[PDB]
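Participant: Begin with these chain(s), straight out of the complex:
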Amino acid sequence: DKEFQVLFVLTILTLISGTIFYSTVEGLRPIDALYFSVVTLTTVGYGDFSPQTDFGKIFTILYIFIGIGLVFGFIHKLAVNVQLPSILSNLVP
């Protein structure tokens, strides 16, 4: 709960940074920048968007290393402290 709120905020800030960076330097629409940031940090990485500038490539290297750990921490916990109980609630007779 308490830890869920922090990983939420931390994830949001990371995604906001990506949205701002890729819309500015890589010229993406904000929605596309957000979508790309999420697809990147979850490692889905479709490649429909990818950085074309050297600035964008270098940022992306750093963004991945800093952001993957945070994002998957949030995912794992969104799963552990928020969805694991809810599914159990729709279990017990």
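Facilitator: Happy to help now that I have it. Residues are numbered from 1 along each chain as shown, chains lettered A, B, ... in the order given.

Participant: any idea how far residue A:26 lies from residue A:13?
Facilitator: According to CB to CB, to the nearest Å, residue A:26 stands 19 Å off from residue A:13. Every C-beta, even on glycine, is put in place using the N, C-alpha and C of the backbone.

Participant: which of these two has more neighbours?
Facilitator: residue A:26 (20 against 11; other CB atoms under 10 Å).

Participant: residues touching the more buried one, list them.
Facilitator: A:33, A:49, A:51, A:52, A:53, A:56 (CB atoms under 8 Å, 6 or more residues apart in numbering).

Participant: Would you list the buried entries among those?
Facilitator: A:33, A:49, A:51, A:56 (16 or more other CB atoms under 10 Å).

Participant: and these as a markdown table, adding distance to residue A:71 and secondary structure?
Facilitator: A markdown table is the format used below for the buried ones among the contacts of residue A:26 (distance: CB to CB, whole Å; DSSP: H, G, I helix; E, B strand; the rest coil):
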| residue | distance to residue A:71 | secondary structure |
| --- | --- | --- |
| A:33 | 16 | helix |
| A:49 | 17 | coil |
| A:51 | 18 | coil |
| A:56 | 19 | helix |
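
Participant: Give me the buried stretch members for stretch A:23-41, please.
Facilitator: Buried residues in stretch A:23-41 (16+ other CB under 10 Å): A:23, A:26, A:28, A:32-41.

Participant: if we take those residues, which one ends up nearest to residue A:89?
Facilitator: Looking at the buried residues of stretch A:23-41 and their distance to residue A:89, the nearest is residue A:38, at 28.1 Å (CB to CB).

Participant: Chain B next, sequence below:
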Amino acid sequence: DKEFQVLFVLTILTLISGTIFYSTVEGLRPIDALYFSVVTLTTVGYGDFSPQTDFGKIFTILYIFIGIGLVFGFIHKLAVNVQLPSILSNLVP
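Facilitator: Adding chain B to what we have so far:
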């Protein structure tokens, strides 16, 4: 066993939702929608399919965050409670 059955069903429902969504909004054939949903939530993300609409991009953001944890829970357990014993069975003299 019991926990395997629940993660199976949960995964199936998630994949059904993706199949329905991407066949409707993104215009994929159902088999392609299913295939895309699986490739997305396992993070393989080939990019042969990817959402082209803003609706599809937003759903995909949410779908990834909600679904990755469930899918990899199932994978890890399909591995832990179903394939780890079976391989050991074809071991002991």
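
Participant: hmm, stretch A:48-55 in reach of chain B?
Facilitator: Yes. Counting by CB under 8 Å from any CB of the partner chain, contacts between stretch A:48-55 and chain B involve residue A:48.

Participant: chain center to that stretch: distance?
Facilitator: 17 Å (CA atoms, centre = their mean, to the nearest Å).

Participant: Please enumerate residues in contact with that stretch?
Facilitator: Residues outside stretch A:48-55 that contact it (CB atoms under 8 Å, 6 or more residues apart in numbering or on different chains): A:22, A:25-26, A:28, A:32, A:35-36, A:39, A:57, A:59-60, B:47, B:50.

Participant: Give the buried residues for whichever strand or helix holds residue A:15.
Facilitator: Using DSSP states H and E, residue A:15 sits within helix A:2-25. For helix A:2-25, a neighbour-count test (16 or more other CB atoms under 10 Å in any protein chain shown) marks A:7, A:11, A:14, A:15, A:18, A:19, A:21, A:22, A:23 as buried.

Participant: Could you provide the residues you listed in CSV, with additional columns for distance to residue B:77?
Facilitator: What follows is the buried residues of helix A:2-25, written out as CSV (distance: CB to CB, whole Å):
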residue, distance to residue B:77
A:7, 23
A:11, 25
A:14, 29
A:15, 29
A:18, 32
A:19, 35
A:21, 37
A:22, 36
A:23, 39
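
Participant: and the residues you listed near chain B, which?
Facilitator: Answer for the buried residues of helix A:2-25 near chain B: none qualify (CB under 8 Å from any CB).

Participant: okay, now chain C:
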Amino acid sequence: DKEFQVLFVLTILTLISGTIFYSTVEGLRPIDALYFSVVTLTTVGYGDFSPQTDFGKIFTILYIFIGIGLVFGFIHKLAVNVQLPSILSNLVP
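Facilitator: Alright, chain C goes in next:
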């Protein structure tokens, strides 16, 4: 050691199955089929190769679910029982 040998063999068999399947049904050269099988099961998923047939898509769904757990088990252990000691050996004075 003992467990390393089993995860090695298991991984090899999985990769052989993929190599055979994708070279036959998807028409890839064997080296390309092997490379694609590895890129798939490690979730790198560049998308330079991807299944074009419905048979290939369905197999790929199943291949991912069955194979990711095994492959990452091997990777994690190749890391835990084979490279973690070796790096420590080149540490202690």
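
Participant: Give me the contact list for the helix holding residue A:15.
Facilitator: With CB under 8 Å, 6+ apart as the criterion, helix A:2-25 contacts A:28-30, A:32-34, A:36-38, A:40-41, A:49, A:51, A:53, A:55-56, A:59, A:63, A:66-67, A:70-71, A:73-74, A:77-78, A:81-82.

Participant: again, 10 Å this time
Facilitator: A:28-38, A:40-41, A:49-53, A:55-56, A:59-60, A:63, A:66-68, A:70-78, A:80-82, B:61, B:65 (CB atoms under 10 Å, 6 or more residues apart in numbering or on different chains).

Participant: Narrow those to those in helices?
Facilitator: A:30-38, A:40-41, A:55-56, A:59-60, A:63, A:66-68, A:70-77, B:61, B:65 (DSSP state H).

Participant: Please list which of those also come close to chain C.
Facilitator: Among the ones in helices among the contacts of helix A:2-25, not one lies near chain C by CB under 10 Å from any CB of the partner chain.

Participant: Let me see the contact set for residue A:29.
Facilitator: Residue A:29 neighbours (CB under 10 Å, 6+ apart): A:19, A:22, A:23, A:35, A:36, B:54, B:57.

Participant: of all the residues you listed, which two lie farthest apart?
Facilitator: A:22 and B:54 (16.0 Å).

Participant: What helix or strand is residue A:93 located in?
Facilitator: Using DSSP H and E, no helix or strand contains residue A:93.
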